[PDB]
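Engineer: Following this: a sequence and the matching experimental structure.
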Amino acid sequence: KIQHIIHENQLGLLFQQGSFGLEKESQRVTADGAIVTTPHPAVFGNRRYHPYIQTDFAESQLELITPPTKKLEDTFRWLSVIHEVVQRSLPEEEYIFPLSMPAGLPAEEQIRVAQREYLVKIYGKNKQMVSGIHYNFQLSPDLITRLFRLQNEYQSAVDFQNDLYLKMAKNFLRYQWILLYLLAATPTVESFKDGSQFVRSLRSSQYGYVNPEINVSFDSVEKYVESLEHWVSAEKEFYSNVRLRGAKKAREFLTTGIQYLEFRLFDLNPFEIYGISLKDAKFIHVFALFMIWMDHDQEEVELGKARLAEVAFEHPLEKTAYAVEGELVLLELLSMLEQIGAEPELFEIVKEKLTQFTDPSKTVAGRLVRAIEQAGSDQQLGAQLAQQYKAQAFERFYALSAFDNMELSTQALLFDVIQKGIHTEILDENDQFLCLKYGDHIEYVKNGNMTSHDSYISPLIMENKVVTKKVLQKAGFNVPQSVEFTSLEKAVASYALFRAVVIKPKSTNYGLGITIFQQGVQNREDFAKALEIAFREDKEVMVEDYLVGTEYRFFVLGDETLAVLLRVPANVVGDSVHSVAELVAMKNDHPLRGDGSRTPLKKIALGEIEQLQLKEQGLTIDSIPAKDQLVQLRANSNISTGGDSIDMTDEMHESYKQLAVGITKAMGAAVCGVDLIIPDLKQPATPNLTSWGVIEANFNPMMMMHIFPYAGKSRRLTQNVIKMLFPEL
Amino acid sequence: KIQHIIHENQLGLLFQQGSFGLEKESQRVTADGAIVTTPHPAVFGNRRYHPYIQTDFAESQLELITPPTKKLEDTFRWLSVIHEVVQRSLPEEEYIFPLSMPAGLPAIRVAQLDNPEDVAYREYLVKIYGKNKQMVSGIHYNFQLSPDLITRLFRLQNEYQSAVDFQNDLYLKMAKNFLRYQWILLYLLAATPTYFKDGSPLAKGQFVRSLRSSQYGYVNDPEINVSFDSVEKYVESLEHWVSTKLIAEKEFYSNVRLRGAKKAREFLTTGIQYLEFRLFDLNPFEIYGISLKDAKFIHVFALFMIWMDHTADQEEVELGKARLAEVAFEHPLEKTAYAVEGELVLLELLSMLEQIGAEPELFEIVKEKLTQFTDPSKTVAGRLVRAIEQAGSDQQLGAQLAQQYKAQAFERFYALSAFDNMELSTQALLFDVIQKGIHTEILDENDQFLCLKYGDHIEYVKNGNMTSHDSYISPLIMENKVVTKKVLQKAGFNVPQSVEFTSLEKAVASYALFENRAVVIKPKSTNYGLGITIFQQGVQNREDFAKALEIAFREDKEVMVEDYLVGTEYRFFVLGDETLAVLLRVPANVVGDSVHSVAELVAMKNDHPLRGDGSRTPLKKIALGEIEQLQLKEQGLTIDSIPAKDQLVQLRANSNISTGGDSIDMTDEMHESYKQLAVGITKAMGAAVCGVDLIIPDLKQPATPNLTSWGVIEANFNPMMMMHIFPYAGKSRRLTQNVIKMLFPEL
């Protein structure tokens, strides 16, 4: 079905609308560039059900799959993320491989290909080691439907879909060589003939598995079904550079038609990190539409296919045989953009491609030869490029490039999900609402911690505090008591009830009225005075217990305390006889140090608050701290200032840890985070408030400082959560 | 020892602190005044487990038990509420009985306890003393001293060594003294001045101050006696009699009783937890059979027994009771024989209050009491005799008074008075919990958090319908409104969709998307509806479409086009897997049927009890203001003007309860299909309770997917039950019961 009244009805935005799927095969490899020759990583979710990351043929060869997305931009986001999860999950020794043509190729015995023999037998194990990028595009149904009405001619919707897809495929084949001229990365291979110096593309080139001499028919869905089905007298064997992947069986196409098209034409791009460029994917999209668009038989296709294989073989450097056909295609394509009012970016892209016809070196094929030549070996550049990419990605290990904005608790959850093979949808990028489904089972999480497993009332309880206080004391736990007096005369009377307390005004400024009795309510007269000063400042004054001790935070999931975090005020240790400034800068060199929100840790600054306190320590920016002399630069633990979080899970006594599990269970929360004040972590727990006191309960606990502590073992909470949700895994 | 001298550590504030309980016994009775002579109401929870409402002995005799509270102030709200729940629960035919004295006694009734032992116990008891004396009912006053004040008392007292012995000795001292002076309490508060029960006493209107504390009032025997002198002795006394012969220790009858008692002896390790005082007769003049002032009076008095240094000797205690009996038998109008003792006794009380820095109010109370010694006319007993003569009989007043109170309970049927301030939804749940008997406690009156505990099962509910079964993700899903939309489009429910355009050019370009779709085009943020274009039929032209988008952009930076919906909006209340109710709300109105003017018409409609503040009551009274008066002009009517003949006059354009619109139950009237959708939407949300708002062109026609057929307005995670419980014109659907059951299905 080829016609474009679309322009007559101005449906420009719709032709662009669509969906984009994407698979990339890369070979797991050593630093040398050799094939990994080892098993698929255990961390990765089951090869059977893991949607994003799987293994195609060789256990060593790996395939990354991006979910389908309405915007080409979101595909890359995913690809980027999947690649980073993989790089970071991959063993330190093993690495990913940039190019399609394997650089170091093993004997047949070597490749286990752990989970095809007949298929393997007919062409052999080695050809299968070739790796590529499959690009799948499907037209927006709305777009098509609008189009179907306009066509008086077609009585069946499926025929029109079928016909439209067929048109696109047939046409894409006809001009598919230009794509191959622009982006071919298969010039060389390690092993019969050294070949006719270089070639544009070996795969498309005859001596590739991809290159069949059986005539199928893309003219009619029915025809193709019969040509295909009769050739049996299955689905896997046919090589179509564009593939009809719409349905499980060809017959079903008569019943249901073709739902989308998968293009197998492409080679990995060594220059781009994930093997594709957003621009190239966009280019392809526009190109597919041009296929459909052009008003435009088997032989023309067959001719096209022939032009495809010759262009492959040609040395990339030398000028293409049919730049002329190519220039004409790109020019009409420019025209196509005019009428659809395509965004400017596209214009820039087709323009650059036009430049490429003229300058062969600007071509992806051509650029690679100089560089590969410069590396001196197919293996040398590939291997060189494996380290750059793994290495480039390990820069911000805590955060996923794809979703830098999402909270770190949430970014990490993502990682876990993608690595474990659970299928996830970002319902709100901005609100950190994730939807996770594995199998029929579906579970929604928000901000990582919030799960189905938490009743609403738990959080409801913790927010209130009066309730928590009243509910916790009944639990029998030690809860610090607050006493509030409307009237001062009553307060003097109430002196019997208080111990170490602080008397403050509900609302005061400049700390007025605050009186602190630490180990101190010894005389009634001083107590009375404290109330008076307090009472001038506000209509209501409060009396609260004052407990001194370090403060800890226990992350509790389920029945056990998962982790414990201590926070300490900005400081540098004096070990180095280095300028504290010199010493400070040294502490900020770690990637985990950035502003507080974007990175797990904040960056200490030697400002006047910090400078002032140092002076209390006797120091100056310039002083060199004696070995093992810790200087604190703040009296405030919040890491906002630059405090260090240190894991205390092992160091903390288990008495409290059970107390923390005891407290959160009383609240009814499966994932609550408890803040406690404990004078002696080391000494065993007691009923007396002298040992400890419960200071707070959090409905949505942090995760991230736990996962990425400045010092101390990293306890990963997101997996505990992930397992908790879908325990079946 | 004497706590009195240890006011040196300024324990006056500690002294006032305590735990307070209360048990009041009354007999459900007919307006006639005759006993009910029928079964315990169905509505109340099971008698075996019910903590708030029960029957002491006679099925006809019911007793209200208030949960202990830190303040005597609160027990009364509990009491007020419990008695209101009881008043509302009885068949209209049945009323409550105010006086202690049985009105018309049959010769009758049975315990009706599920356990065998109780029936045997009551049977043995009815046989021991007959059943008439049992018939009489009265308040019990339970008071427990704060444990912290006791510890402080104890720390100073070197004499005891053991904490419990101190606790036993204190309570004992308090009991003894109470017995000697208890007569003072009865005189003030005698309420039993007045045939079948005890006509042997000569009566010609010749009333005694209190019939109960007299010999004819049931004391099982002269021979039974136990010493309060020592806990160890008391126990020996109770033991010996049980051994051989009260049936048990509970059968021991006395005006003050030790408690927390599994058995007396366990006190020797456990200590005495608290005391129960039974001297009191229901008083006819206070709505709930006792007053706060009087409740308080006893507390201070109880303290005084502690405060005085002296403890009464066995002789003293015995003398006390004889005195109390004589005083109780005296004629109400005459002055007490030992009135000076009373003046002296109340005199110390004052010194004590002054010393402890007690509240200003208390001084007021005791004084009133002194005034009462000068002239007995003021005493409840003296007052009662006056009142009894008014309708000529003991019984007549009791029926007039019961009537007076059941009426009070029924004004504001919709709200529980103890906690008027709480949301209606919550007062309503409270009611239901109390009627059902789930032990309930309020953690924050203001935040609305409640704690319901039955057996070893407890559930925490905030705002009436927020419970354990509801999970946390659902609310978050519903908060978003955007996320709400995504979860919902997946299930396939019809949800209107909004598309936002930053670029006008793209908007015009993207025009095809909505053509024969009825869209409302509006700027993100606009004033006076500026730039808002509505398209009821659909976007017919490119040109009309461009103008609409063009104009909005003039108005705002970010412009949203949203799907237009039309129909009557409906509120389904979904709980669990079933939709429990559907409610619709109409614009304030009246009907001209009456031929009254709109002014008269409206006045009649507000007369309804439910109407009041929209906030403090289910429905808000229509007001005939100018905004209301304009609507009239359109109808061709005026305030004076008379609506004619069953004509609907509309006085608002917005169907808002806030402006006096009515609420109508359409549970049954609505189509089944939509109802499943509310259950369907709730499922996608994964919410146990959800209130789902749909826009529906026709109740009656079956639902179709398409928006023209069908639509969803919004998803609410805290549904407004009271509207549901009370429609202006609907059939009441109570959802608080549905909620409770789902909470405690085991019930």
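Structural biologist: Good, I have the coordinates. Numbering: from 1, shown residues only, chains lettered A, B, ... in the order given.

Engineer: Please list all residues in contact with residue A:37.
Structural biologist: Neighbouring residues of residue A:37 by CB atoms under 8 Å, 6 or more residues apart in numbering or on different chains: A:60, A:106, A:110, A:111. Every C-beta, even on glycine, is put in place using the N, C-alpha and C of the backbone.

Engineer: From residue A:389, how far off is the first one?
Structural biologist: As for residue A:60, its distance to residue A:389 is 17 Å (criterion: CB to CB, to the nearest Å).

Engineer: ditto for residue A:188
Structural biologist: 20 Å.

Engineer: who has more neighbours, the two?
Structural biologist: Using other CB atoms under 10 Å in any protein chain shown as the criterion, residue A:188 and residue A:389 rank with residue A:389 on top: 22 against 19.

Engineer: helix/strand/coil for the more buried one?
Structural biologist: Judged by DSSP: H, G, I helix; E, B strand; the rest coil, the three-state class of residue A:389 is helix.

Engineer: isn't it right next to residue A:88, touching?
Structural biologist: No. If you go by CB atoms under 8 Å, residue A:389 and residue A:88 don't touch, sitting 11.9 Å apart.

Engineer: returning to what we had before: kindly reformat the contacts of residue A:37 as CSV containing secondary structure, distance to residue A:434 and neighbour count.
Structural biologist: Shown next, in CSV, are those (DSSP: H, G, I helix; E, B strand; the rest coil; distance: CB to CB, whole Å; neighbours: other CB atoms under 10 Å in any protein chain shown):
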residue, secondary structure, distance to residue A:434, neighbour count
A:60, coil, 32, 25
A:106, coil, 41, 16
A:110, coil, 41, 12
A:111, coil, 38, 21
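
Engineer: ok, the residues you listed vs residue A:171, which is closest?
Structural biologist: When those are compared for distance to residue A:171 (CB to CB), residue A:60 wins out at 36.6 Å.

Engineer: check contacts around the closest one.
Structural biologist: By CB under 8 Å, 6+ apart, the contact list for residue A:60 reads A:27, A:28, A:29, A:35, A:36, A:37, A:38, A:111, A:113.

Engineer: Ramachandran coordinates for the last one?
Structural biologist: In other words, residue A:113. With angles defined as degrees, to the nearest 10, residue A:113 sits at phi 50, psi 50.

Engineer: what sits against it?
Structural biologist: A:57, A:58, A:59, A:60, A:125, A:128.

Engineer: and the spatially closest residue to it that is not a sequence neighbour, how many residues sit next to it?
Structural biologist: Leaving out its chain neighbours, the residue that sits closest to residue A:113 by CB to CB, 6 or more residues apart in numbering or on different chains is residue A:58, at 4.9 Å. The local packing of residue A:58 (other CB under 10 Å) involves 25 other residues.

Engineer: Provide the backbone phi and psi angles at residue A:422.
Structural biologist: Torsion angles, degrees, to the nearest 10, at residue A:422: phi -80, psi 140.

Engineer: Equivalent analysis for the one 3 residues further on, please.
Structural biologist: Listed backbone geometry of residue A:425 is phi -130, psi 130, with angles given as degrees, to the nearest 10.

Engineer: Give the bridge partners for it, please.
Structural biologist: Applying DSSP bridges to residue A:425 gives these bridge partners: residue A:435.

Engineer: these two touch, right, it and residue A:434?
Structural biologist: Yes. Contact criterion CB under 8 Å: residue A:425 and residue A:434 qualify, at 7.3 Å.

Engineer: more neighbours, these two?
Structural biologist: Of the pair residue A:425 and residue A:434, residue A:434 is the one with more neighbours under other CB under 10 Å, namely 23 against 14.

Engineer: could you list every residue that touches the more buried one?
Structural biologist: Residue A:434 is in contact with A:410, A:413, A:414, A:417, A:424, A:425, A:426, A:427, A:444, A:445, A:446, counting by CB under 8 Å, 6+ apart.

Engineer: What about the last one, how many residues nearby?
Structural biologist: Looking back up the chat, that one is residue A:446. 23.

Engineer: any idea what sits nearest the residue of the stretch 1-150 of chain A found nearest chain B, other than its immediate chain neighbours?
Structural biologist: Nearest residue of the stretch 1-150 of chain A to chain B, counting by CB to the nearest CB: residue A:13, 4.8 Å away. Nearest non-adjacent residue to residue A:13, counting by CB to CB, 6+ apart: residue B:510, 4.8 Å away.

Engineer: Helix or strand for residue A:64, just tell me which one.
Structural biologist: Following DSSP states H and E, one finds residue A:64 within strand A:61-69.

Engineer: Against which helices or strands is that strand packed?
Structural biologist: In this structure, strand A:61-69 packs against strand A:18-30, strand A:53-55, helix A:72-89, with contacts taken as 3 or more CB pairs under 8 Å, 6 or more residues apart in numbering or on different chains; DSSP states H and E.

Engineer: buried stuff in stretch A:549-568?
Structural biologist: A:549, A:552-558, A:561-568 (16 or more other CB atoms under 10 Å in any protein chain shown).

Engineer: Among those residues, which lie within strands?
Structural biologist: Of the buried residues of stretch A:549-568, the ones assigned to strands by DSSP state E are A:552-557, A:561-568.

Engineer: Which single one of those residues is nearest to chain B?
Structural biologist: residue A:557 (14.5 Å).

Engineer: Residue A:207 against residue A:193, yeah?
Structural biologist: Yes. Between residue A:207 and residue A:193 there is a contact under CB under 8 Å: 7.5 Å.

Engineer: Settle it for me: which of these two has more neighbours?
Structural biologist: Neighbours were tallied for residue A:207 and for residue A:193 using other CB under 10 Å; the higher tally belongs to residue A:207 (16 against 7).

Engineer: what domains does the record give for chain A?
Structural biologist: Annotated domains of chain A cover A:1-405, A:407-729 [curated CATH domains].

Engineer: For chain B, what is the nearest residue in the stretch 501-650 of chain A?
Structural biologist: Of all residues in the stretch 501-650 of chain A, residue A:524 sits closest to chain B, at 7.8 Å by CB to the nearest CB.

Engineer: pretty sure that residue contacts residue A:493?
Structural biologist: No. Judged on CB under 8 Å, residue A:524 makes no contact with residue A:493 at a distance of 11.0 Å.

Engineer: who's more crowded, these two?
Structural biologist: Legend: neighbour count by other CB under 10 Å for residue A:524 and residue A:493, higher for residue A:493 (20 against 13).

Engineer: Please give the element, helix or strand, for the more buried one.
Structural biologist: Using DSSP H and E, the element containing residue A:493 is helix A:488-493.

Engineer: Not counting its own residues, what contacts that helix?
Structural biologist: A:485, A:527, A:528, A:531, A:532, A:535, A:541, A:543, B:10, B:12, B:13, B:357.

Engineer: so residue A:354 makes contact with residue A:327?
Structural biologist: Yes. In this structure, residue A:354 is within contact of residue A:327 by CB under 8 Å, at 7.0 Å.

Engineer: Give me the neighbour count for the closest residue to chain B within the stretch 601-729 of chain A.
Structural biologist: Per CB to the nearest CB, residue A:668 is where the stretch 601-729 of chain A lies closest to chain B, at 7.1 Å. When neighbours are defined as other CB under 10 Å, residue A:668 has 20 of them.

Engineer: isn't it right up against residue A:457?
Structural biologist: Yes. Residue A:668 is within contact range of residue A:457, at 6.4 Å (criterion: CB under 8 Å).

Engineer: need the strands for the stretch 101-250 of chain A, in chain order.
Structural biologist: A:132-139, A:242-243 (DSSP state E, counting those that start in this stretch).

Engineer: could those go into a markdown table alongside mean neighbour count?
Structural biologist: Output for those, formatted as a markdown table (neighbours: other CB atoms under 10 Å in any protein chain shown):
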| stretch | mean neighbour count |
| --- | --- |
| strand A:132-139 | 22 |
| strand A:242-243 | 21 |
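
Engineer: need the contact list for the residue most central in space within chain A.
Structural biologist: With distances taken as CA atoms, centre = their mean, the residue of chain A nearest its centroid is residue A:81 (3.5 Å). With contact taken as CB under 8 Å, 6+ apart, residue A:81 is in contact with A:400, A:401, A:402, A:403, A:414, A:415, A:418.
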